[PDB]
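Student: Below are the structure tokens for one structure; questions will follow.
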Amino acid sequence: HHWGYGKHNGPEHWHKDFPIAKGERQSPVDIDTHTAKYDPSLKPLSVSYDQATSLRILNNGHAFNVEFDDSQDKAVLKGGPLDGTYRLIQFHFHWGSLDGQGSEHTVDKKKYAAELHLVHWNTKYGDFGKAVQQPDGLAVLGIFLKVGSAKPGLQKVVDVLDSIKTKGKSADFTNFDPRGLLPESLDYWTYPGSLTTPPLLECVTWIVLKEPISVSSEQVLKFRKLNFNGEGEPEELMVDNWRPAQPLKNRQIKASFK
Ligand SMILES: COc1ncnc(NCCc2ccc(S(N)(=O)=O)cc2)c1[N+](=O)[O-]
Ligand SMILES: [Zn+2]
């Protein structure tokens with residue numbers, strides 16, 4: 001009976017195994033754009049993805065991760081609100097059963113169809129596993145998806161999904177360029193928070209871009225054809241794998257723009 005997204009093991013249940021679920025800096029949150037403070041000391045975000053080396057794509061039973069070689073400084077996030085250098089390890093998405101929901105963060109209570117998470121770890125901690133045990137260990141860049149025009153740079157990901165339909169399947173996934181998933185503007189909001197899945201560790205500086213990317217109806221339909229279950233178990237479509245907004249508690253959201 002492990003965690004998941006259903007009535008009996010979904011987000012309302014997580015605090016039983018992972019008590020920090022009710023902690024002081026949980027994610028996601030609703031971004032109240034009128035209450036977010038413009039911070040003219042915030043730097044432009046530096047996204048340096050020119051040398052990213054993707055390796056593999058994996059269905060883990062919750063989402064699918066595109067994993068990268070993070071054994072060298074190749075795909076790094078820095079500046080913005082960050083001190084130092086954070087290395088890209090994987091990206092994944094959260095999405096809905098319908099285009100009206102699917103994002104984890106919301107903007108003035110608006111849900112988007114999906115949300116992309118590019119996960120990076122602080123190089124001062126030497127690796128991902130050590131980084132998640134630190135309050136400034138990860139920087140996750142979050143990008144909203146709306147449905148409209150296709151995102152050409154996403155198609156390579158959509159086309160490999162039928163090869164990892166069920167939990168525990170993986171495939172070869174080399175030479176994927178994550179620059180193709182970025183909107184034009186790097187204007188962002190930022191706040192201190194957590195992983196949005198168990199173990200829910202409070203180790204994340206969240207950087208959420210204001211500008212969503214457009215993906216087609218066909219592209220997000222292919223996400224919804226994935227499965228939560230393993231091969232040869234009853235089919236449970238992989239949809240609605242998002243945690244809802246959590247209390248802001250004692251925190252400020254900063255804006256990099258007016
Ligand atoms: C012991 O090490 C680990 N310790 C904690 N969590 C781990 N896996 C969670 C990683 C994760 C990354 C990002 C997000 S989100 N949705 O907030 O972007 C959620 C979970 C691992 N690990 O399996 O390596
Ligand atoms: Zn995520």
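Letters A, B, ... mark the chains of the structure tokens in the order given; residue numbers begin at 1 per chain; ligand numbers begin at 1, in order shown.
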Dump the neighbourhood of ligand 2 as number ranges by chain: all residues within 9 Å, distances computed on only C-alpha atoms and all ligand atoms.
Tutor: A: 63, 91-94, 104, 115-119, 140, 142, 195-197, 242
Student: Go ahead and save the picked residues with N, CA and C atoms, as a PDB file, in the first residue's frame.
Tutor:
ATOM      1  N   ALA A  63       5.224   9.254 -12.673  1.00  0.00           N
ATOM      2  CA  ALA A  63       5.390  10.193 -13.835  1.00  0.00           C
ATOM      3  C   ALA A  63       6.404   9.519 -14.771  1.00  0.00           C
ATOM      4  N   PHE A  91      14.168  15.808 -15.764  1.00  0.00           N
ATOM      5  CA  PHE A  91      12.936  16.525 -15.811  1.00  0.00           C
ATOM      6  C   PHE A  91      11.765  15.554 -15.884  1.00  0.00           C
ATOM      7  N   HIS A  92      10.601  16.036 -15.508  1.00  0.00           N
ATOM      8  CA  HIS A  92       9.403  15.256 -15.545  1.00  0.00           C
ATOM      9  C   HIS A  92       8.232  16.276 -15.593  1.00  0.00           C
ATOM     10  N   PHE A  93       7.029  15.739 -15.733  1.00  0.00           N
ATOM     11  CA  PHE A  93       5.796  16.558 -15.799  1.00  0.00           C
ATOM     12  C   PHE A  93       4.771  15.996 -14.771  1.00  0.00           C
ATOM     13  N   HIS A  94       3.787  16.855 -14.489  1.00  0.00           N
ATOM     14  CA  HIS A  94       2.557  16.560 -13.794  1.00  0.00           C
ATOM     15  C   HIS A  94       1.397  16.989 -14.659  1.00  0.00           C
ATOM     16  N   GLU A 104       0.669  21.802 -10.651  1.00  0.00           N
ATOM     17  CA  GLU A 104       0.816  21.714  -9.152  1.00  0.00           C
ATOM     18  C   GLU A 104       0.746  23.195  -8.636  1.00  0.00           C
ATOM     19  N   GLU A 115       2.469  20.744 -15.808  1.00  0.00           N
ATOM     20  CA  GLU A 115       3.599  21.561 -15.339  1.00  0.00           C
ATOM     21  C   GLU A 115       4.876  20.718 -15.462  1.00  0.00           C
ATOM     22  N   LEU A 116       5.890  21.315 -16.055  1.00  0.00           N
ATOM     23  CA  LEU A 116       7.204  20.739 -16.249  1.00  0.00           C
ATOM     24  C   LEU A 116       8.145  21.158 -15.098  1.00  0.00           C
ATOM     25  N   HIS A 117       8.867  20.169 -14.554  1.00  0.00           N
ATOM     26  CA  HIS A 117       9.812  20.367 -13.482  1.00  0.00           C
ATOM     27  C   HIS A 117      11.207  19.951 -13.946  1.00  0.00           C
ATOM     28  N   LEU A 118      12.131  20.918 -14.093  1.00  0.00           N
ATOM     29  CA  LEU A 118      13.562  20.612 -14.407  1.00  0.00           C
ATOM     30  C   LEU A 118      14.291  20.669 -13.079  1.00  0.00           C
ATOM     31  N   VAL A 119      14.760  19.484 -12.648  1.00  0.00           N
ATOM     32  CA  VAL A 119      15.296  19.362 -11.293  1.00  0.00           C
ATOM     33  C   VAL A 119      16.811  19.481 -11.306  1.00  0.00           C
ATOM     34  N   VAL A 140      14.387  23.880  -8.489  1.00  0.00           N
ATOM     35  CA  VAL A 140      13.578  23.239  -9.512  1.00  0.00           C
ATOM     36  C   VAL A 140      12.955  24.362 -10.350  1.00  0.00           C
ATOM     37  N   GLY A 142      10.152  25.475 -12.756  1.00  0.00           N
ATOM     38  CA  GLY A 142       8.799  25.014 -13.111  1.00  0.00           C
ATOM     39  C   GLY A 142       8.231  25.847 -14.267  1.00  0.00           C
ATOM     40  N   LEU A 195      10.106  19.212  -2.303  1.00  0.00           N
ATOM     41  CA  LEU A 195       9.645  18.222  -3.338  1.00  0.00           C
ATOM     42  C   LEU A 195       8.108  18.122  -3.206  1.00  0.00           C
ATOM     43  N   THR A 196       7.473  17.989  -4.360  1.00  0.00           N
ATOM     44  CA  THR A 196       5.995  17.832  -4.330  1.00  0.00           C
ATOM     45  C   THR A 196       5.546  16.349  -4.268  1.00  0.00           C
ATOM     46  N   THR A 197       6.494  15.412  -4.322  1.00  0.00           N
ATOM     47  CA  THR A 197       6.184  13.969  -4.097  1.00  0.00           C
ATOM     48  C   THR A 197       6.916  13.527  -2.844  1.00  0.00           C
ATOM     49  N   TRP A 242      -0.728  15.180  -9.815  1.00  0.00           N
ATOM     50  CA  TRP A 242      -0.347  16.500  -9.255  1.00  0.00           C
ATOM     51  C   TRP A 242      -0.807  16.575  -7.804  1.00  0.00           C
TER      52      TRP A 242
END
Student: Set the distance at 10 Å and use only C-alpha atoms: which residues neighbour residue 71 in chain A once local chain neighbours fewer than 2 positions away are removed? I'd like the list as a list in words.
Tutor: residues 68, 69, 73, 74, 87, 89, 126 and 127 of chain A
Student: Can you write just those residues out, N, CA, C and O atoms, as a tab-separated table (two decimals), in the first residue's frame?
Tutor:
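Now in out.tsv:
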chain	number	residue	atom	x	y	z
A	68	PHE	N	19.51	12.80	-17.00
A	68	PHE	CA	20.69	13.37	-17.65
A	68	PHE	C	21.95	12.89	-16.95
A	68	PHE	O	21.91	12.51	-15.82
A	69	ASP	N	23.06	13.04	-17.68
A	69	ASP	CA	24.40	12.83	-17.12
A	69	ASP	C	24.71	14.05	-16.33
A	69	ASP	O	24.87	15.18	-16.84
A	73	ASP	N	29.88	19.32	-15.00
A	73	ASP	CA	29.12	20.57	-15.11
A	73	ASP	C	28.84	20.71	-16.61
A	73	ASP	O	29.71	21.18	-17.39
A	74	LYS	N	27.66	20.26	-17.01
A	74	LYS	CA	27.14	20.37	-18.44
A	74	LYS	C	25.82	21.13	-18.75
A	74	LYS	O	25.59	21.65	-19.89
A	87	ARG	N	23.16	21.64	-10.86
A	87	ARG	CA	23.31	20.76	-12.03
A	87	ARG	C	21.99	20.04	-12.41
A	87	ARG	O	21.38	19.45	-11.53
A	89	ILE	N	19.64	17.17	-13.27
A	89	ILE	CA	19.60	15.68	-13.13
A	89	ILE	C	18.45	15.02	-13.91
A	89	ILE	O	18.63	13.98	-14.56
A	126	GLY	N	27.82	17.81	-3.83
A	126	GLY	CA	28.53	16.69	-4.49
A	126	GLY	C	27.59	15.70	-5.22
A	126	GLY	O	27.96	15.11	-6.27
A	127	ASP	N	26.36	15.49	-4.71
A	127	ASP	CA	25.43	14.73	-5.50
A	127	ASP	C	23.99	14.94	-5.06
A	127	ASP	O	23.73	15.53	-4.01
Student: With distances taken over only C-alpha atoms, which of A:178, A:129, A:19, A:137 is nearest to residue 152 in chain A?
Tutor: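 Counting only C-alpha atoms, the residue closest to residue 152 in chain A is A:178.
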Student: Identify all residues of range 78-149 of chain A in alpha helix (DSSP H) (DSSP on the backbone) and supply them as a ChimeraX atom specification.
Tutor: /A:128-131
Student: Go ahead and dump the residues you just picked, N, CA, C and O atoms, as a compact mmCIF listing (two decimals), in the first residue's frame.
Tutor:
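Written out: part_9.txt:
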# COMPACT_ATOMS: atom_id res chain seq x y z
N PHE A 128 23.09 14.34 -5.85
CA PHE A 128 21.66 14.49 -5.58
C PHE A 128 21.27 13.96 -4.23
O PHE A 128 20.49 14.62 -3.48
N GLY A 129 21.71 12.74 -3.90
CA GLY A 129 21.25 12.19 -2.64
C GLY A 129 21.62 13.00 -1.40
O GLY A 129 20.88 13.01 -0.40
N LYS A 130 22.80 13.58 -1.42
CA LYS A 130 23.21 14.46 -0.29
C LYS A 130 22.45 15.82 -0.31
O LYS A 130 22.09 16.40 0.70
N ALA A 131 22.34 16.36 -1.52
CA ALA A 131 21.64 17.63 -1.73
C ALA A 131 20.23 17.67 -1.16
O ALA A 131 19.82 18.68 -0.57
Student: Which of these residues is nearest to residue 230 in chain A, using only C-alpha atoms: A:183, A:199, A:61, A:135?
Tutor: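 Selected residue with least distance to residue 230 in chain A: A:61.
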Student: If you run DSSP on the backbone here, which positions in range 3-145 of chain A get strand (DSSP E or B)? Please write them as a ChimeraX atom specification.
Tutor: /A:30-31,37-38,45-48,54-59,64-68,76-79,86-95,106-107,110,114-122,138-145
Student: Once you have the residues from the selection above, write them out as a compact mmCIF listing (two decimals), in the first residue's frame, restricted to N, CA and C atoms.
Tutor:
# COMPACT_ATOMS: atom_id res chain seq x y z
N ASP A 30 -0.30 28.29 -4.30
CA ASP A 30 -0.93 29.21 -5.19
C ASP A 30 -0.08 30.48 -5.25
N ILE A 31 0.22 30.94 -6.47
CA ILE A 31 1.01 32.16 -6.65
C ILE A 31 0.04 33.33 -6.84
N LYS A 37 6.15 40.06 -4.30
CA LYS A 37 6.89 41.31 -4.26
C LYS A 37 7.92 41.37 -5.41
N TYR A 38 7.87 42.42 -6.22
CA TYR A 38 8.96 42.67 -7.16
C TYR A 38 10.29 42.91 -6.40
N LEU A 45 17.85 34.83 -14.43
CA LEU A 45 18.15 33.43 -14.36
C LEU A 45 19.18 33.07 -15.45
N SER A 46 20.16 32.25 -15.11
CA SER A 46 21.10 31.74 -16.07
C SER A 46 20.84 30.29 -16.29
N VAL A 47 20.36 30.00 -17.48
CA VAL A 47 20.11 28.63 -17.88
C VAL A 47 21.12 28.21 -18.94
N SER A 48 22.06 27.34 -18.60
CA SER A 48 23.13 26.96 -19.53
C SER A 48 23.00 25.50 -19.94
N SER A 54 21.25 13.98 -22.26
CA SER A 54 20.24 13.07 -21.80
C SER A 54 20.69 11.57 -21.90
N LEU A 55 20.19 10.76 -21.04
CA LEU A 55 20.56 9.31 -21.14
C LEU A 55 19.39 8.38 -21.42
N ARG A 56 18.29 8.65 -20.73
CA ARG A 56 17.30 7.66 -20.55
C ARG A 56 15.99 8.27 -20.14
N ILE A 57 14.94 7.54 -20.48
CA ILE A 57 13.59 7.97 -20.02
C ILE A 57 12.97 6.79 -19.29
N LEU A 58 12.29 7.06 -18.16
CA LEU A 58 11.79 6.07 -17.30
C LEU A 58 10.38 6.33 -16.77
N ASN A 59 9.49 5.34 -16.88
CA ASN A 59 8.21 5.36 -16.17
C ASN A 59 8.40 4.82 -14.75
N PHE A 64 6.94 10.25 -15.74
CA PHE A 64 8.11 9.77 -16.47
C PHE A 64 9.28 10.74 -16.37
N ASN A 65 10.48 10.23 -16.09
CA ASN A 65 11.62 11.12 -15.93
C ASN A 65 12.54 11.06 -17.14
N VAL A 66 12.91 12.19 -17.70
CA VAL A 66 14.00 12.23 -18.67
C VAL A 66 15.27 12.50 -17.83
N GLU A 67 16.22 11.54 -17.82
CA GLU A 67 17.39 11.64 -16.90
C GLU A 67 18.61 12.08 -17.68
N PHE A 68 19.51 12.80 -17.00
CA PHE A 68 20.69 13.37 -17.65
C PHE A 68 21.95 12.89 -16.95
N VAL A 76 23.66 23.57 -16.46
CA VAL A 76 23.58 24.22 -15.13
C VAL A 76 22.61 25.41 -15.08
N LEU A 77 22.00 25.56 -13.89
CA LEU A 77 21.18 26.66 -13.56
C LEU A 77 21.92 27.46 -12.50
N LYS A 78 21.96 28.77 -12.69
CA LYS A 78 22.52 29.68 -11.68
C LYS A 78 21.94 31.11 -11.84
N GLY A 79 22.45 32.05 -11.04
CA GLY A 79 21.95 33.40 -10.94
C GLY A 79 20.53 33.35 -10.47
N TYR A 86 23.79 24.98 -9.85
CA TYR A 86 22.96 23.76 -9.72
C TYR A 86 22.93 22.92 -11.00
N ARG A 87 23.16 21.64 -10.86
CA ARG A 87 23.31 20.76 -12.03
C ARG A 87 21.99 20.04 -12.41
N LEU A 88 21.56 20.06 -13.70
CA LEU A 88 20.34 19.30 -14.14
C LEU A 88 20.55 17.80 -13.99
N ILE A 89 19.64 17.17 -13.27
CA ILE A 89 19.60 15.68 -13.13
C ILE A 89 18.45 15.02 -13.91
N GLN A 90 17.24 15.63 -13.87
CA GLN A 90 16.12 14.99 -14.63
C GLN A 90 15.05 16.03 -14.79
N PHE A 91 14.17 15.81 -15.76
CA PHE A 91 12.94 16.52 -15.81
C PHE A 91 11.77 15.55 -15.88
N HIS A 92 10.60 16.04 -15.51
CA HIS A 92 9.40 15.26 -15.54
C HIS A 92 8.23 16.28 -15.59
N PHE A 93 7.03 15.74 -15.73
CA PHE A 93 5.80 16.56 -15.80
C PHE A 93 4.77 16.00 -14.77
N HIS A 94 3.79 16.86 -14.49
CA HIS A 94 2.56 16.56 -13.79
C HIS A 94 1.40 16.99 -14.66
N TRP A 95 0.36 16.15 -14.81
CA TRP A 95 -0.75 16.57 -15.71
C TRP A 95 -2.07 16.03 -15.29
N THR A 106 -0.39 27.02 -8.93
CA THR A 106 -1.49 27.72 -9.59
C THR A 106 -1.15 29.22 -9.61
N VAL A 107 -1.79 29.96 -10.52
CA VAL A 107 -1.47 31.44 -10.59
C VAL A 107 -2.83 32.18 -10.37
N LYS A 110 -5.57 29.86 -10.90
CA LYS A 110 -5.70 29.26 -12.24
C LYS A 110 -4.83 27.97 -12.27
N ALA A 114 -0.77 21.25 -17.45
CA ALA A 114 0.39 20.44 -16.98
C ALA A 114 1.47 21.35 -16.45
N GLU A 115 2.47 20.74 -15.81
CA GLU A 115 3.60 21.56 -15.34
C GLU A 115 4.88 20.72 -15.46
N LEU A 116 5.89 21.31 -16.05
CA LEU A 116 7.20 20.74 -16.25
C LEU A 116 8.15 21.16 -15.10
N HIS A 117 8.87 20.17 -14.55
CA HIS A 117 9.81 20.37 -13.48
C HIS A 117 11.21 19.95 -13.95
N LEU A 118 12.13 20.92 -14.09
CA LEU A 118 13.56 20.61 -14.41
C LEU A 118 14.29 20.67 -13.08
N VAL A 119 14.76 19.48 -12.65
CA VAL A 119 15.30 19.36 -11.29
C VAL A 119 16.81 19.48 -11.31
N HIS A 120 17.36 20.37 -10.43
CA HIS A 120 18.77 20.60 -10.41
C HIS A 120 19.26 20.49 -8.99
N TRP A 121 20.49 20.02 -8.81
CA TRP A 121 21.06 19.93 -7.42
C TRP A 121 22.31 20.76 -7.24
N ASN A 122 22.44 21.31 -6.04
CA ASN A 122 23.53 22.21 -5.69
C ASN A 122 24.90 21.48 -5.73
N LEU A 138 18.29 21.80 -3.72
CA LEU A 138 17.80 21.70 -5.09
C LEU A 138 17.25 23.05 -5.59
N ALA A 139 17.26 23.19 -6.92
CA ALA A 139 16.55 24.32 -7.54
C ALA A 139 15.70 23.66 -8.59
N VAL A 140 14.39 23.88 -8.49
CA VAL A 140 13.58 23.24 -9.51
C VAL A 140 12.96 24.36 -10.35
N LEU A 141 13.12 24.27 -11.67
CA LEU A 141 12.56 25.25 -12.57
C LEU A 141 11.22 24.72 -13.04
N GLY A 142 10.15 25.47 -12.76
CA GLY A 142 8.80 25.01 -13.11
C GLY A 142 8.23 25.85 -14.27
N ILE A 143 7.63 25.18 -15.23
CA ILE A 143 7.14 25.83 -16.48
C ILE A 143 5.71 25.29 -16.71
N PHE A 144 4.77 26.19 -16.86
CA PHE A 144 3.37 25.76 -17.06
C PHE A 144 3.17 25.40 -18.55
N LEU A 145 2.28 24.45 -18.75
CA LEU A 145 1.83 24.06 -20.11
C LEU A 145 0.34 24.37 -20.24
Student: Quick one: distance from CA of residue 28 in chain A to CA of residue 2 in chain A in Å, one decimal?
Tutor: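 Atom-to-atom, CA of residue 28 in chain A to CA of residue 2 in chain A, that is 21.1 Å.
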